[PDB]
Amino acid sequence: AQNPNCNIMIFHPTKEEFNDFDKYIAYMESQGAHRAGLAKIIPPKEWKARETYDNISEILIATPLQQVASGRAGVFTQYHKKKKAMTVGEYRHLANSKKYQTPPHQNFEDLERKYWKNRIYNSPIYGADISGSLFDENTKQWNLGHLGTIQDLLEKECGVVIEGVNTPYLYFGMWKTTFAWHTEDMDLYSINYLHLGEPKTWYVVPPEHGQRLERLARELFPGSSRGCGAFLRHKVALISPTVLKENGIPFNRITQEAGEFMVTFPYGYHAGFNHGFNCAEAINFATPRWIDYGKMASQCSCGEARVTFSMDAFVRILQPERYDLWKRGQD
Ligand SMILES: O=C(O)CNC(=O)C(=O)O
Ligand SMILES: [Mg+2]
Ligand code: NI
Ligand SMILES: [Zn+2]
């Protein structure tokens, strides 16, 4: 069995290997990359996502989210308070202000220590989940707006044609902006490209150990657990590496820098934080190996998780028994 310790693998495809996205994902899996839940892909030196980032300031962040924490430094939840719209140029200035800017630090490890010590005492503002793309239309390789769609994958594998679309999302971050512990909708893959700016630190639990994280989360968030049998779908809970180590939960960590891709694999729980002003682009995708994970994915039916239009068909076809209850949660 390849990668039996479930380490995060880093790949350096050549320009030739970067042509066929599906084939390269299947290659990485042949080497055991999925066992970590997360992989890093450094693009060939010849590749670029677009020519420059000099003209992005007028993108609108219609609903910036202030991430307010409750709890203790290593075990907290966050809620998202909606703020007034602002442009990317306005948000970048805000991120660089004395109130929000990255503190002085020695290295990524020192910054990670400072994040876990101090995150809860501040409320950073995240421009998340903005439909759109920063890939140039002429970029033909690993262009996250030109991937094969999940609807077409389900149709190719299972023969059933379904409604829905699959488009990318932009994330504008600042110091301390935080992504809570989650797997993807329907335990899909994700791919994330850091277009510009400061790094993003990731934590990940191997898919084969995901239920260990869930059991810890039910212990640490006991009211939330009673409310919903899949409350991590709410994407609000944080647990620090120190707490994970104290409770014997297997995980790994890695820092993504600008110009790098990360792939999350089906049922790979992940969480993380931004080091400073940055912009990422991410999208869900599927492969044949996902189908079995989609069929088994947990679902939130309490009403909190509220998701895209396109998840309807995935539940309806892959999880017909759960469909009625889940749809009640959506309505
Ligand atoms: O970058 C972020 O805030 C969160 N991204 C992801 O969870 C991802 O790409 O799956
Ligand atoms: Mg612009
Ligand atoms: Ni994710
Ligand atoms: Zn729920």
Side-chain angles (χ1 to χ4, degrees), residues 8-29 31 33-34 38-47 49-50 52-61 87-89 91-92 127-153 156 164-173 179 184 188-200 202 254-265 270 272 274-288 290 308 310:
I8 298 167
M9 298 179 73
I10 304 164
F11 294 87
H12 286 89
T14 59
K15 61 187 196 312
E16 298 73 22
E17 287 173 333
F18 217 51
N19 286 316
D20 183 339
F21 182 86
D22 288 348
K23 178 183 193 178
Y24 201 79
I25 300 304
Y27 170 70
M28 293 160 58
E29 298 184 354
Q31 303 303 295
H34 59 293
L38 184 64
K40 177 179 292 194
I41 309 92
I42 293 169
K45 72 189 177 295
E46 301 89 355
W47 179 95
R50 67 176 303 108
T52 76
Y53 291 87
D54 289 338
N55 303 112
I56 68 169
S57 306
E58 316 307 307
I59 292 169
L60 194 66
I61 308 171
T87 65
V88 165
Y91 179 85
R92 179 174 62 234
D129 293 314
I130 295 161
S131 291
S133 186
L134 290 173
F135 285 88
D136 185 311
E137 73 181 5
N138 295 318
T139 296
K140 297 323 180 178
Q141 300 170 318
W142 289 54
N143 181 324
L144 298 190
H146 296 170
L147 303 181
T149 69
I150 299 157
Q151 295 76 19
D152 282 343
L153 180 287
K156 290 184 299 190
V165 297
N166 178 204
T167 57
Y169 295 89
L170 303 177
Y171 303 80
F172 290 95
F179 52 111
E184 304 303 306
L188 284 158
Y189 295 72
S190 67
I191 180 165
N192 181 302
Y193 183 68
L194 191 53
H195 279 284
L196 68 92
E198 302 316 307
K200 187 188 296 289
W202 300 66
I254 193 169
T255 300
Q256 176 192 25
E257 299 186 77
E260 305 180 337
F261 290 91
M262 307 296 297
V263 165
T264 82
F265 294 87
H270 55 283
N274 296 304
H275 291 207
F277 171 69
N278 65 18
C279 173
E281 180 168 342
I283 198 178
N284 299 115
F285 72 93
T287 70
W290 167 70
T308 185
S310 311

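Residues: numbered from 1 along the sequence shown.
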Problem - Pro168 to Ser133 - nearest heavy-atom pair and separation - result: CG-CB, 4.3 Å
Practice task
Determine the minimum heavy-atom distance between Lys40 and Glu260, stating which atoms define it.
Solution key: NZ-OE1, 2.8 Å
Handout entry: Check: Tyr189 ring centre within less than 6.0 Å of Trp290 ring centre
Key = no
Exercise for the section: Please test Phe21 against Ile25 for side chain to side chain contact (heavy atoms under 4.5 Å, CB included), starting from the C-alpha separation and ending with a verdict. Expected result: CA-CA 6 Å; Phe21 182 86; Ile25 300 304; 3.7 Å; yes
Exercise for the section: Mind telling me whether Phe135 and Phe261 have parallel, tilted or perpendicular rings, with 30° and 60° as the class edges? Expected result: parallel
Completion exercise
Interatomic distance, CG@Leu196 vs CZ@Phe277, rounded to 0.5 Å, equals 5.5 Å
Exercise for the section: Calculate, to the nearest 0.5 Å, the distance between atoms OG1 and CG belonging to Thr167 and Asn284 respectively. Expected result: 10.5 Å
Exercise for the section: Applying side chain to side chain donor-acceptor pair (under 3.5 Å), name anything that partners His275, two or more places apart in sequence or on another chain. Expected result: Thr201
Completion exercise
When rounded to the nearest 0.5 Å, the distance separating CD of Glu29 from OH of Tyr24 is 12.5 Å
Handout entry: Worked verdict on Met262 versus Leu38 for side chain to side chain contact (heavy atoms under 4.5 Å, CB included)
Key = CA-CA 7 Å; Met262 307 296 297; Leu38 184 64; 3.7 Å; yes
Exercise for the section: With rounding to the nearest 0.5 Å, note down the distance linking CD in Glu281 to OH in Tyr169. Expected result: 12.0 Å
Problem - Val88 vs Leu170 side-chain heavy atoms within contact, under 4.5 Å - result: no
Exercise for the section: Not counting sequence neighbours, which residues clear side chain to side chain donor-acceptor pair (under 3.5 Å) with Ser57? List them please. Expected result: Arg92
Handout entry: More than 12 heavy atoms from other groups under 6.0 Å of CD on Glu137
Key = no
Problem - Point-to-point distance, once rounded to the nearest 0.5 Å, from CZ of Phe179 to NZ of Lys200 - result: 5.5 Å
Problem - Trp47-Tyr193 aromatic ring centre distance below 6.0 Å - result: yes
Problem - Distance-minimising heavy-atom pair for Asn192 and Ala280 - result: OD1-CB, 3.7 Å
Exercise for the section: Kindly determine whether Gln141 and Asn19 satisfy side chain to side chain donor-acceptor pair (under 3.5 Å), including the steps that lead there. Expected result: CA-CA 6 Å; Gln141 300 170 318; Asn19 286 316; 2.7 Å; yes
Problem - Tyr91 side-chain N/O to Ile61 backbone N/O, donor-acceptor pair under 3.5 Å - result: no
Fill in the blank from the handout: In terms of heavy-atom contacts, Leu134 and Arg50 come closest through O-NH1, 2.8 Å
Practice task
Please answer whether the main-chain N or O of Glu58 pairs with a side-chain N or O of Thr87 as donor and acceptor at a distance below 3.5 Å.
Solution key: no
Handout entry: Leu144 to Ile283 - nearest heavy-atom pair and separation
Key = O-CD1, 3.6 Å
Practice task
Indicate the atoms forming the closest heavy-atom contact of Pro13 with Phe18, along with that distance.
Solution key: CG-CD1, 3.5 Å
Practice task
Spell out, as yes or no, whether a donor-acceptor pair under 3.5 Å connects the side chain of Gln31 to the backbone of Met9.
Solution key: no
Exercise for the section: For the residue pair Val263 and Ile41, establish whether any side-chain heavy-atom pair is separated by less than 4.5 Å. Expected result: yes
Problem - CA sep, side-chain torsions, deciding dist, call: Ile10, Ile42, side chain to side chain contact (heavy atoms under 4.5 Å, CB included) - result: CA-CA 7 Å; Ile10 304 164; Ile42 293 169; 3.8 Å; yes
